[PDB]
Amino acid sequence: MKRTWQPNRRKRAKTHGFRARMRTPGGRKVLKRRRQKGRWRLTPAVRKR
Amino acid sequence: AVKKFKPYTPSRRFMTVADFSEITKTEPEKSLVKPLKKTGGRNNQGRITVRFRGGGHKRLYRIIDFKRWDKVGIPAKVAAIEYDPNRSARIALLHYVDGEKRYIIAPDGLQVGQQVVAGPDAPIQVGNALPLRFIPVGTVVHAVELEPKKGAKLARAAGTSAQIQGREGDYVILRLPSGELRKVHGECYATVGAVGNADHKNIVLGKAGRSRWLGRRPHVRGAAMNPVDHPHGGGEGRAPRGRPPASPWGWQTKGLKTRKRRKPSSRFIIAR
RNA sequence: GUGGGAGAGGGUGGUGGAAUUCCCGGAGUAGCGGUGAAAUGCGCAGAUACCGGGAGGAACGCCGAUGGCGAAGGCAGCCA
RNA sequence: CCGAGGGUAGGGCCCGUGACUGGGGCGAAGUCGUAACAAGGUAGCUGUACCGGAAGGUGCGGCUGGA
RNA sequence: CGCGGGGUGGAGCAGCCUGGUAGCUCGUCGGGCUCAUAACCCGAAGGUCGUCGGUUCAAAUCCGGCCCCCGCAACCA
RNA sequence: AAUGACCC
RNA sequence: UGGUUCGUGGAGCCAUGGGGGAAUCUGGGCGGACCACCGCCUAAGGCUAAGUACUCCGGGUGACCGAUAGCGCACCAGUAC
RNA sequence: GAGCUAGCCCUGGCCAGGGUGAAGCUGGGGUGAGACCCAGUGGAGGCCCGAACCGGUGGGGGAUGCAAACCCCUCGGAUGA
RNA sequence: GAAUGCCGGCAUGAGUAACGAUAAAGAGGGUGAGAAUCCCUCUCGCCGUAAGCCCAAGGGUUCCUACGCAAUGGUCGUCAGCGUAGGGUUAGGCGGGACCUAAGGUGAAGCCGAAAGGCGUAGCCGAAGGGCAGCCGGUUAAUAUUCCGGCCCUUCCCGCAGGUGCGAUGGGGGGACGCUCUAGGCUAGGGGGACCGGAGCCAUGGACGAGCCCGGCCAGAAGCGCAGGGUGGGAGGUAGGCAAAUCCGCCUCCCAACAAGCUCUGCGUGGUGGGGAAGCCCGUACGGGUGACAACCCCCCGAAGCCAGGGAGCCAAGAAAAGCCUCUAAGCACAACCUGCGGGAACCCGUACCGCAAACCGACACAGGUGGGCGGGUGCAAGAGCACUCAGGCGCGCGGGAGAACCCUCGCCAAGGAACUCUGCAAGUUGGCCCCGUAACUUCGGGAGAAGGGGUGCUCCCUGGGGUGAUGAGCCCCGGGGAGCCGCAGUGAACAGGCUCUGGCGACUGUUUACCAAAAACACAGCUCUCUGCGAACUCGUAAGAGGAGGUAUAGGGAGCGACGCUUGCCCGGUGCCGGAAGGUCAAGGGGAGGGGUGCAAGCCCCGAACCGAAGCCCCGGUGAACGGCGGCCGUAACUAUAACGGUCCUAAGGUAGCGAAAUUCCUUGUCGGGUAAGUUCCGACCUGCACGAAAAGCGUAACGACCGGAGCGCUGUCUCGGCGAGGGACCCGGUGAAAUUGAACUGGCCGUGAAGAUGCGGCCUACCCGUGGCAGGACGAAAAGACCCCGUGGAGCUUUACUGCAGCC
RNA sequence: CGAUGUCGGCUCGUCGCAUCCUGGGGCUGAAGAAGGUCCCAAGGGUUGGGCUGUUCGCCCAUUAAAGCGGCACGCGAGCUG
Ligand SMILES: NC[C@@H]1O[C@H](O[C@H]2[C@@H](O)[C@H](O[C@@H]3[C@@H](O)[C@H](N)C[C@H](N)[C@H]3O[C@H]3O[C@H](CO)[C@@H](O)[C@H](O)[C@H]3N)O[C@@H]2CO)[C@H](N)[C@@H](O)[C@@H]1O
Ligand SMILES: [Mg+2]
Ligand SMILES: [Mg+2]
Ligand SMILES: [Mg+2]
Ligand SMILES: [Mg+2]
Ligand SMILES: [Mg+2]
Ligand SMILES: [Mg+2]
Ligand SMILES: [Mg+2]
Ligand SMILES: [Mg+2]
Ligand SMILES: [Mg+2]
Ligand SMILES: [Mg+2]
Ligand SMILES: [Mg+2]
Ligand SMILES: [Mg+2]
Ligand SMILES: [Mg+2]
Ligand SMILES: [Mg+2]
Ligand SMILES: [Mg+2]
Ligand SMILES: [Mg+2]
Ligand SMILES: [Mg+2]
Ligand SMILES: [Mg+2]
Ligand SMILES: [Mg+2]
Ligand SMILES: [Mg+2]
Ligand SMILES: [Mg+2]
Ligand SMILES: [Mg+2]
Ligand SMILES: [Mg+2]
Ligand SMILES: [Mg+2]
Ligand SMILES: [Mg+2]
Ligand SMILES: [Mg+2]
Ligand SMILES: [Mg+2]
Ligand SMILES: [Mg+2]
Ligand SMILES: [Mg+2]
Ligand SMILES: [Mg+2]
Ligand SMILES: [Mg+2]
Ligand SMILES: [Mg+2]
Ligand SMILES: [Mg+2]
Ligand SMILES: [Mg+2]
Ligand SMILES: [Mg+2]
Ligand SMILES: [Mg+2]
Ligand SMILES: [Mg+2]
Ligand SMILES: [Mg+2]
Ligand SMILES: [Mg+2]
Ligand SMILES: [Mg+2]
Ligand SMILES: [Mg+2]
Ligand SMILES: [Mg+2]
Ligand SMILES: [Mg+2]
Ligand SMILES: [Mg+2]
Ligand SMILES: [Mg+2]
Ligand SMILES: [Mg+2]
Ligand SMILES: [Mg+2]
Ligand SMILES: [Mg+2]
Ligand SMILES: [Mg+2]
Ligand SMILES: [Mg+2]
Ligand SMILES: [Mg+2]
Ligand SMILES: [Mg+2]
Ligand SMILES: [Mg+2]
Ligand SMILES: [Mg+2]
Ligand SMILES: [Mg+2]
Ligand SMILES: [Mg+2]
Ligand SMILES: [Mg+2]
Ligand SMILES: [Mg+2]
Ligand SMILES: [Mg+2]
Ligand SMILES: [Mg+2]
Ligand SMILES: [Mg+2]
Ligand SMILES: [Mg+2]
Ligand SMILES: [Mg+2]
Ligand SMILES: [Mg+2]
Ligand SMILES: [Mg+2]
Ligand SMILES: [Mg+2]
Ligand SMILES: [Mg+2]
Ligand SMILES: [Mg+2]
Ligand SMILES: [Mg+2]
Ligand SMILES: [Mg+2]
Ligand SMILES: [Mg+2]
Ligand SMILES: [Mg+2]
Ligand SMILES: [Mg+2]
Ligand SMILES: [Mg+2]
Ligand SMILES: [Mg+2]
Ligand SMILES: [Mg+2]
Ligand SMILES: [Mg+2]
Ligand SMILES: [Mg+2]
Ligand SMILES: [Mg+2]
Ligand SMILES: [Mg+2]
Ligand SMILES: [Mg+2]
Ligand SMILES: [Mg+2]
Ligand SMILES: [Mg+2]
Ligand SMILES: [Mg+2]
Ligand SMILES: [Mg+2]
Ligand SMILES: [Mg+2]
Ligand SMILES: [Mg+2]
Ligand SMILES: [Mg+2]
Ligand SMILES: [Mg+2]
Ligand SMILES: [Mg+2]
Ligand SMILES: [Mg+2]
Ligand SMILES: [Mg+2]
Ligand SMILES: [Mg+2]
Ligand SMILES: [Mg+2]
Ligand SMILES: [Mg+2]
Ligand SMILES: [Mg+2]
Ligand SMILES: [Mg+2]
Ligand SMILES: [Mg+2]
Ligand SMILES: [Mg+2]
Ligand SMILES: [Mg+2]
Ligand SMILES: [Mg+2]
Ligand SMILES: [Mg+2]
Ligand SMILES: [Mg+2]
Ligand SMILES: [Mg+2]
Ligand SMILES: [Mg+2]
Ligand SMILES: [Mg+2]
Ligand SMILES: [Mg+2]
Ligand SMILES: [Mg+2]
Ligand SMILES: [Mg+2]
Ligand SMILES: [Mg+2]
Ligand SMILES: [Mg+2]
Ligand SMILES: [Mg+2]
Ligand SMILES: [Mg+2]
Ligand SMILES: [Mg+2]
Ligand SMILES: [Mg+2]
Ligand SMILES: [Mg+2]
Ligand SMILES: [Mg+2]
Ligand SMILES: [Mg+2]
Ligand SMILES: [Mg+2]
Ligand SMILES: [Mg+2]
Ligand SMILES: [Mg+2]
Ligand SMILES: [Mg+2]
Ligand SMILES: [Mg+2]
Ligand SMILES: [Mg+2]
Ligand SMILES: [Mg+2]
Ligand SMILES: [Mg+2]
Ligand SMILES: [Mg+2]
Ligand SMILES: [Mg+2]
Ligand SMILES: [Mg+2]
Ligand SMILES: [Mg+2]
Ligand SMILES: [Mg+2]
Ligand SMILES: [Mg+2]
Ligand SMILES: [Mg+2]
Ligand SMILES: [Mg+2]
Ligand SMILES: [Mg+2]
Ligand SMILES: [Mg+2]
Ligand SMILES: [Mg+2]
Ligand SMILES: [Mg+2]
Ligand SMILES: [Mg+2]
Ligand SMILES: [Mg+2]
Ligand SMILES: [Mg+2]
Ligand SMILES: [Mg+2]
Ligand SMILES: [Mg+2]
């Protein structure tokens with residue numbers, strides 16, 4: 001059947017990107033938490049040009 | 001007149017379509033004056049706030065003239081009468097000698113080629129606009145302003161009118177389509193005649209689809225729902241209500257008057 | 001054919017007054033309606049009776065006849 | 001080839017019969033009421049419409065086969 | 001089986017809970033009006049209060065046991 | 001303000 | 001209405017959203033309703049070290065662990081997945 | 001978190017081939033004028049049969065499966081909500 | 001030592017189930033330490049509106065080559081999408097960005113919000129939409145509309161040359177639009193050819209032949225030709241287009257009425273350039289040479305594509321902005337702008353490979369999911385259907401035997417034909433086309449493919465229409481008539497309704513429980529009630545704001561009913577809602593009669609009665625397509641029976657019409673009648689309706705239904721009642737090799753006993769040790785800390801005239 | 001109750017006897033034939049259909065007869081639903 005993962009580079013970027021997270025206090029805290037944690041990747045790596 | 005069909009299909013046996021014979025050879029509209037992009041959307045910034053809206057034909061807005069006092073004294077020739085997707089009435093395309101082209105909402109009896117004009121001057125004829133004062137008591141009228149210089153707001157639906165009843169210092173009394181008795185300021189413009197396309201009420205949609213074409217989504221009964229959804233939801237195999245009939249939001253829907261009492265508008269109203 | 005005559009003959013548009021009812025203002029009380037007699041009903045929350053204003057529908061008094069017109073059914077305020 | 005007839009399929013008309021049901025005719029002395037005939041005690045009769053155990057009543061227009 | 005309501009002249013009903021008096025309508029009977037019947041009018045008669053037990057000075061009435069009558073309930077399996 | 005068993 | 005031990009209590013004091021609304025030392029607030037006396041303070045502007053808290057970081061010590069323990073990680077771990 | 005799912009908004013795309021033949025137009029006919037009636041044309045429809053496509057009706061299989069919804073046969077819709 | 005404990009290791013089932021579509025394999029030759037599995041060849045089978053090819057998304061090195069096989073591959077592996085290394089992705093014209101605007105996002109001004117933040121005209125961002133200049137070939141092991149070749153374009157900048165009032169983010173024009181059906185002419189694409197070109201080939205009985213086989217194309221500027229799209233020309237007046245205007249608009253006169261003329265597209269043709277089969281010979285994993293000086297011509301079919309902004313009809317009435325044309329303003333008119341011609345300049349990012357899939361989404365080389373374009377030939381009425389088949393690509397990464405049960409998928413059957421069963425569930429019958437022929441009923445459309453029939457191949461003869469062609473041959477479409485041949489059989493294969501009668505429900509097409517319910521549920525047109533005068537009601541939000549609506553009573557919200565036909569009675573006592581400037585009660589507040597505490601007093605401070613005080617409630621009314629409700633007991637007719645009639649109690653009123661043992665009837669298989677040999681079902685009635693009933697509508701209704709009930713015909717393996725055959729497993733051999741479960745086990749029957757159903761205790765009885773194929777009766781067999789039931793002062797969802805609050809309204 | 005799947009049918013059976021049939025017998029108000037009724041006896045047999053989910057039952061056509069009951073209302077790691 002159709003599963004739940006339907007990859008889209010634009011969606012992933014607009015949805016979970018560094019700039020989206022930065023836009024709101026909710027998201028800014030996510031970066032803070034991930035930084036303090038020592039996460040190698042703050043936001044998902046969306047590729048291609 | 002109303003177009004009628006034979007039952008060559010079920011739902012074609014009741015279906016019924018407007019007569020478009022008053023639609024003069026001018027079916028597609030007029031750029032310049034109108035159209036605008038019209039912005040379909042069944043809801044506010046976010047959430048739906050009027051249920052069951054959506055779908056249905058794309059539209060172009062015809063930006064019509066609801067304040068006729070710009071062109072006081074300037075007459076215009078009625079050039080055409082065309083279909084307007086965004087109202088029950090039809091619209092008149094008129095050419096002002098000025099050059100300017102406006103649309104007026106098209107009254108009953110309006111003929112193409114006719115002369116029409118607005119102002120204190122203005123022969124009392126179908127199509128003309130006047131401040132309510134100079135209009136003879138008892139004449140039927142439409143596109144009436146509520147307060148002066150604020151635009152036509154009463155009687156624009158197809159086949160509607162108001163009748164002038166009498167006067168009272170600065171106000172003339174109106175009898176509105178609903179039957180209400182209203183004091184409306186003398187200085188309010190209103191155009192003589194009834195609205196026309198009066199056979200609009202006689203049309204039978206005929207099937208579900210037609211409803212959808214006009215963007216009317218299926219309306220579901222409270223009875224059909226559940227207690228979470230509606231006061232009428234549940235219980236077992238059908239149910240008669242079990243309380244005084246209500247809206248989904250709990251207010252009673254048979255009888256409960258809802259106009260706020262202390263409206264300052266009150267001292268200008270005399271009926272139902 | 002020419003020239004005239006009477007008529008509530010028909011269709012359409014417009015318009016007048018008397019009256020009933022309802023609304024509004026005034027003034028005004030203790031009952032009004034109704035019948036064979038009553039009761040139901042309306043009325044001290046201001047009724048009936050009276051005056052002023054308004055809305056609205058319907059039917060046209062006197063003329064009027066035991067009259068006129070129409071093929072009948074039927075046709076009656078006035079104007080075109 | 002046609003062809004009596006037999007077979008299959010579907011219609012048309014007519015006759016008989018059927019639980020039950022509708023009213024009708026007729027049958028000396030059962031029931032309820034009073035509708036009509038005298039202004040029949042609400043003039044009657046009438047087409048239509050509604051209502052009522054029943055005659056019948058009432059609305060609307062009509063007739064003299066009533067004053 | 002459970003529950004709670006009910007049996008009163010010839011008919012249909014009151015009267016009980018706040019115990020001592022049984023009342024309404026119809027019907028029955030006698031008389032009158034009428035030629036007669038009905039309607040109407042005047043008089044009159046009529047009730048072991050389902051049974052059994054006692055509580056009381058006294059039970060239609062209060063309390064128990066049965067008997068017919070009516071209504072409700074009998075669910076999860 | 002109703003009614004008058006049947007036949008002659 | 002909040003704060004204080006104070007939950008409407010005899011309910012003050014301190015703060016304040018609403019209404020009313022003064023005084024300049026013979027002026028004002030407080031000492032638990034209130035009034036008298038006796039006292040204590042000077043509201044409606046502001047700043048002000050030190051003693052105090054904490055431990056990302058450096059050092060020291062351990063009747064603290066010794067790789068299923070000790071931090072999730074003694075090992076390129078907030079990694080792989 | 002609406003990259004699954006539900007709805008709506010903007011902008012695009014797709015729907016083989018067959019049937020049936022509404023209005024309208026045209027001609028003839030009828031009448032005082034009509035209504036209407038015949039042809040012919042015309043090509044309407046939440047119309048029909050049937051692929052794609054969208055479904056999921058009945059049965060059988062599958063049941064530590066090919067598959068945490070699958071497979072075969074059969075079936076509904078398919079210019080429209 | 002136990003916690004269905006936590007982490008790890010190893011066991012048992014077990015050499016067991018399986019090894020992922022039943023499209024299918026065989027052999028010969030290579031390489032190699034090692035071949036069913038790798039390379040090559042020959043034969044076979046499968047796909048072919050794909051299982052072929054081209055894009056987009058996603059993936060991200062998987063592409064190519066060399067060396068390799070521990071692991072990964074469900075077996076093997078010399079192979080690989082795997083390990084190691086190296087190579088490979090070339091653009092002014094393709095796509096995206098130095099262009100535009102859509103929803104939406106962001107957001108100056110401005111508005112709002114305890115803070116965080118929420119809005120918001122302009123602007124900006126935002127694209128499979130608009131705008132925009134490249135076609136055909138050749139080359140690499142791997143890239144090409146990118147490199148190269150040929151032919152053809154576009155922008156800027158600087159020059160010269162010739163024109164003109166030039167000149168904006170500003171005015172106007174244009175861009176610019178739906179659905180369905182469509183004409184003319186073209187192109188794509190395909191069929192035929194005695195014509196042209198070509199290596200070759202006569203087989204096995206015959207054929208040296210208009211014999212077989214193969215191929216007869218592509219691009220192409222100007223200029224032409226053929227189609228077709230766009231569009232009137234003048235002159236005045238002018239107040240509108242938010243300054244101006246010569247532009248547009250409006251008005252008035254003249255000339256066209258036409259595509260005549262300007263243009264602008266498409267298609268043919270074109271200077272020229274390119275390609276160019278079979279077969280044959282080779283050595284590649286693959287391509288190379290020759291065939292060739294290849295030929296490159298004539299007919300026919302023909303689009304859904306092109307001319308495109310074409311045409312007609314219809315109602316539901318069909319984006320925006322830029323580019324582009326024109327108009328002028330500030331300015332400037334040595335500027336500037338247009339046209340021609342030269343020279344110069346032309347950046348950034350993507351480009352590999354997979355792409356219906358072993359490289360994307362599904363933990364897997366997973367039988368599932370994935371948008372767009374091309375998708376040839378023959379026939380079958382047509383087609384993207386079906387059968388075979390080009391091109392191309394596959395034989396699905398375990399094999400070999402065997403020929404038991406049993407299972408799956410499949411084929412047939414005597415006689416009988418639903419006797420099967422909850423049910424004809426399943427399976428059969430039926431089946432395409434042409435032609436006859438069709439009932440009740442009906443809303444006049446329908447029912448209808450009703451039902452029921454007949455025709456269907458091939459040959460020869462005659463004969464009628466069209467299309468392309470000149471009015472003709474041919475080639476291509478539709479027909480008609482007459483003889484005649486063969487088989488059991490002519491839509492000889494594949495694709496392709498079983499039918500009827502009669503009820504229930506819902507009118508109907510539609511929708512729904514993604515993953516057990518597709519329905520009689522939901523929706524639906526239509527009906528009624530009610531709210532709402534417009535800063536509407538209502539909804540969302542604390543607000544701003546927004547929806548409703550750029551709407552205005554023929555409109556908008558809420559409610560029920562649910563096409564349509566005939567209808568929808570009575571009760572307003574209770575509850576709700578609506579209407580009542582009386583009255584009763586009614587809080588803060590006003591008012592203070594009067595009383596209290598302290599003061600020597602002035603005073604200061606407390607309570608506090610009249611009386612004045614809203615909504616709400618009470619009270620008076622109305623209102624049923626508002627919540628709702630719509631009775632009992634006795635008696636009575638000249639056979640009985642029954643009761644039109646009567647009495648009496650109670651209610652707010654006592655159920656009308658029409659239905660009725662029903663999706664509703666307990667007693668109940670009610671009782672009659674019908675179908676049957678026989679009928680708790682079904683149909684028609686009766687009415688004693690436990691417990692129908694009129695918009696939670698009542699009674700009906702043509703048509704409709706993968707809904708639900710009853711019947712009959714047809715046909716059948718459903719059955720009597722089985723039998724045989726087929727293939728895939730099962731079985732045996734080689735390779736790989738799990739699982740839940742598992743206190744330990746040396747794990748028999750009976751009758752007893754035991755916590756009341758024992759392999760384990762008693763007595764007896766039986767029984768050599770161990771496996772393999774099978775069947776499931778037992779191990780109270782596995783699986784899930786029972787769903788039901790109770791329990792817990794456990795938890796949730798829901799309701800209300802439960803309590804208490806809150807939003808909201810007054 | 002850290003689960004003993006619960007009606008009916010089907011399939012396969014097996015057992016009790018308080019025997020439906022067949023065999024043996026006593027009494028009969030047993031003439032014969034056919035019955036009644038009791039005792040001995042289970043070795044074998046114990047039909048096919050209509051209706052209902054039905055168990056049961058009622059019918060239809062038969063028969064020598066159309067037996068009653070147990071086996072977790074025998075039997076779902078055997079089927080159905
Ligand atoms: N009579 C003919 C028609 O039927 C009806 O008449 C029939 C009945 O109504 C009528 O019944 C009458 C009754 O009305 C009258 N008041 C009393 C009388 N005893 C009855 O009489 C009836 O019954 C008796 C016995 O049963 C018979 O013997 C007698 O013949 C018969 N007529 O008897 C008639 C049967 O013959 C209509 N009323 C009449 O007008 C109509 O025309
Ligand atoms: Mg919002
Ligand atoms: Mg938002
Ligand atoms: Mg609805
Ligand atoms: Mg529901
Ligand atoms: Mg609720
Ligand atoms: Mg119910
Ligand atoms: Mg109820
Ligand atoms: Mg309810
Ligand atoms: Mg008055
Ligand atoms: Mg008959
Ligand atoms: Mg009389
Ligand atoms: Mg009379
Ligand atoms: Mg009379
Ligand atoms: Mg009458
Ligand atoms: Mg009456
Ligand atoms: Mg007497
Ligand atoms: Mg339960
Ligand atoms: Mg009598
Ligand atoms: Mg006699
Ligand atoms: Mg406090
Ligand atoms: Mg406090
Ligand atoms: Mg307290
Ligand atoms: Mg304050
Ligand atoms: Mg203070
Ligand atoms: Mg103080
Ligand atoms: Mg102090
Ligand atoms: Mg003190
Ligand atoms: Mg102090
Ligand atoms: Mg200070
Ligand atoms: Mg230690
Ligand atoms: Mg550790
Ligand atoms: Mg160690
Ligand atoms: Mg650790
Ligand atoms: Mg979505
Ligand atoms: Mg026609
Ligand atoms: Mg259709
Ligand atoms: Mg179809
Ligand atoms: Mg396609
Ligand atoms: Mg199954
Ligand atoms: Mg299908
Ligand atoms: Mg222990
Ligand atoms: Mg473990
Ligand atoms: Mg085993
Ligand atoms: Mg085995
Ligand atoms: Mg095996
Ligand atoms: Mg495989
Ligand atoms: Mg094939
Ligand atoms: Mg790699
Ligand atoms: Mg490779
Ligand atoms: Mg190699
Ligand atoms: Mg291997
Ligand atoms: Mg590699
Ligand atoms: Mg940009
Ligand atoms: Mg914002
Ligand atoms: Mg922009
Ligand atoms: Mg584009
Ligand atoms: Mg481009
Ligand atoms: Mg390549
Ligand atoms: Mg080039
Ligand atoms: Mg210029
Ligand atoms: Mg512009
Ligand atoms: Mg030979
Ligand atoms: Mg050819
Ligand atoms: Mg201007
Ligand atoms: Mg050419
Ligand atoms: Mg060549
Ligand atoms: Mg067009
Ligand atoms: Mg712009
Ligand atoms: Mg740059
Ligand atoms: Mg590339
Ligand atoms: Mg490529
Ligand atoms: Mg594809
Ligand atoms: Mg796959
Ligand atoms: Mg995959
Ligand atoms: Mg594989
Ligand atoms: Mg797809
Ligand atoms: Mg094709
Ligand atoms: Mg063909
Ligand atoms: Mg076909
Ligand atoms: Mg196919
Ligand atoms: Mg057979
Ligand atoms: Mg046979
Ligand atoms: Mg048969
Ligand atoms: Mg049967
Ligand atoms: Mg059976
Ligand atoms: Mg059946
Ligand atoms: Mg079937
Ligand atoms: Mg049926
Ligand atoms: Mg039916
Ligand atoms: Mg339906
Ligand atoms: Mg679905
Ligand atoms: Mg489901
Ligand atoms: Mg369905
Ligand atoms: Mg289903
Ligand atoms: Mg209706
Ligand atoms: Mg708004
Ligand atoms: Mg709007
Ligand atoms: Mg509405
Ligand atoms: Mg309903
Ligand atoms: Mg009603
Ligand atoms: Mg009521
Ligand atoms: Mg009421
Ligand atoms: Mg009342
Ligand atoms: Mg009120
Ligand atoms: Mg007070
Ligand atoms: Mg006070
Ligand atoms: Mg009050
Ligand atoms: Mg019945
Ligand atoms: Mg029967
Ligand atoms: Mg029978
Ligand atoms: Mg019946
Ligand atoms: Mg019932
Ligand atoms: Mg009902
Ligand atoms: Mg109702
Ligand atoms: Mg209904
Ligand atoms: Mg359907
Ligand atoms: Mg269905
Ligand atoms: Mg079989
Ligand atoms: Mg077999
Ligand atoms: Mg086999
Ligand atoms: Mg093996
Ligand atoms: Mg042993
Ligand atoms: Mg035992
Ligand atoms: Mg032992
Ligand atoms: Mg033992
Ligand atoms: Mg074994
Ligand atoms: Mg077992
Ligand atoms: Mg087994
Ligand atoms: Mg077991
Ligand atoms: Mg438990
Ligand atoms: Mg408790
Ligand atoms: Mg248990
Ligand atoms: Mg256990
Ligand atoms: Mg178990
Ligand atoms: Mg025995
Ligand atoms: Mg014997
Ligand atoms: Mg036996
Ligand atoms: Mg049955
Ligand atoms: Mg047995
Ligand atoms: Mg039992
Ligand atoms: Mg049983
Ligand atoms: Mg059992
Ligand atoms: Mg079931």
# chains A, B, ... in the order shown; residues from 1 in each chain; ligands from 1

call {"tool": "residues_around", "arguments": {"residues": "stretch 40-45 of chain C", "least_positions_apart": "2", "cutoff": "10 Å", "atoms": "only C-alpha atoms (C1' of nucleotides)", "output": "NGL selection string"}}
result
(:C and (29-34 or 47-48)) or (:I and (580-583 or 620))

call {"tool": "interface_residues", "arguments": {"of": "chain I", "to": "chain B", "cutoff": "8 Å", "atoms": "only C-alpha atoms (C1' of nucleotides)", "output": "ChimeraX atom specification"}}
result
/I:239-241,249-251,316-320,445,508,522-525,529-534,537,539-540,546-548,551-555,558-559,576-578,626-627,696,798

call {"tool": "residues_near_ligand", "arguments": {"ligand": "ligand 104", "cutoff": "8 Å", "atoms": "only C-alpha atoms (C1' of nucleotides) and all ligand atoms", "output": "PyMOL selection string"}}
result
chain I and resi 572+621-622

call {"tool": "write_last_selection", "arguments": {"atoms": "N, CA, C and O atoms (P, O5', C5', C4', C3', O3' and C1' of nucleotides)", "output": "PDB file, in the first residue's frame"}}
result
ATOM      1  P     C I 572     -55.927  23.198  24.693  1.00  0.00           P
ATOM      2  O5'   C I 572     -54.347  23.332  24.832  1.00  0.00           O
ATOM      3  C5'   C I 572     -53.685  22.846  25.993  1.00  0.00           C
ATOM      4  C4'   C I 572     -52.645  23.810  26.505  1.00  0.00           C
ATOM      5  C3'   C I 572     -53.038  25.292  26.491  1.00  0.00           C
ATOM      6  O3'   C I 572     -52.435  25.942  27.605  1.00  0.00           O
ATOM      7  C1'   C I 572     -51.056  24.996  25.283  1.00  0.00           C
ATOM      8  P     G I 621     -54.763  33.751  32.029  1.00  0.00           P
ATOM      9  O5'   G I 621     -54.602  34.348  30.563  1.00  0.00           O
ATOM     10  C5'   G I 621     -54.062  33.590  29.497  1.00  0.00           C
ATOM     11  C4'   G I 621     -53.581  34.506  28.403  1.00  0.00           C
ATOM     12  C3'   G I 621     -53.059  33.842  27.134  1.00  0.00           C
ATOM     13  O3'   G I 621     -54.086  33.450  26.233  1.00  0.00           O
ATOM     14  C1'   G I 621     -51.512  35.463  27.855  1.00  0.00           C
ATOM     15  P     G I 622     -54.209  31.918  25.738  1.00  0.00           P
ATOM     16  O5'   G I 622     -53.341  31.851  24.403  1.00  0.00           O
ATOM     17  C5'   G I 622     -53.542  32.783  23.352  1.00  0.00           C
ATOM     18  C4'   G I 622     -52.266  33.033  22.588  1.00  0.00           C
ATOM     19  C3'   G I 622     -51.683  31.840  21.856  1.00  0.00           C
ATOM     20  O3'   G I 622     -52.330  31.606  20.614  1.00  0.00           O
ATOM     21  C1'   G I 622     -49.964  33.008  23.000  1.00  0.00           C
TER      22        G I 622
END

call {"tool": "select_by_dssp", "arguments": {"residues": "stretch 56-208 of chain B", "states": "helix (DSSP H, G or I)", "output": "list in words"}}
result
residues 68, 69, 70, 71, 132, 133, 134, 198, 199, 200, 201, 202 and 208 of chain B

call {"tool": "atom_distance", "arguments": {"atom1": "atom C1' of residue I:425", "atom2": "atom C1' of residue J:78"}}
result
21.0 Å

call {"tool": "residues_near_ligand", "arguments": {"ligand": "ligand 62", "cutoff": "9 Å", "atoms": "only C-alpha atoms (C1' of nucleotides) and all ligand atoms", "output": "ChimeraX atom specification"}}
result
/I:171-174

call {"tool": "write_last_selection", "arguments": {"atoms": "C-alpha atoms (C1' of nucleotides)", "output": "PDB file, in the first residue's frame"}}
result
ATOM      1  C1'   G I 171      -2.539  56.177 -18.505  1.00  0.00           C
ATOM      2  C1'   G I 172      -4.682  52.721 -21.790  1.00  0.00           C
ATOM      3  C1'   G I 173      -4.290  48.461 -24.861  1.00  0.00           C
ATOM      4  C1'   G I 174      -2.622  43.436 -24.794  1.00  0.00           C
TER       5        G I 174
END
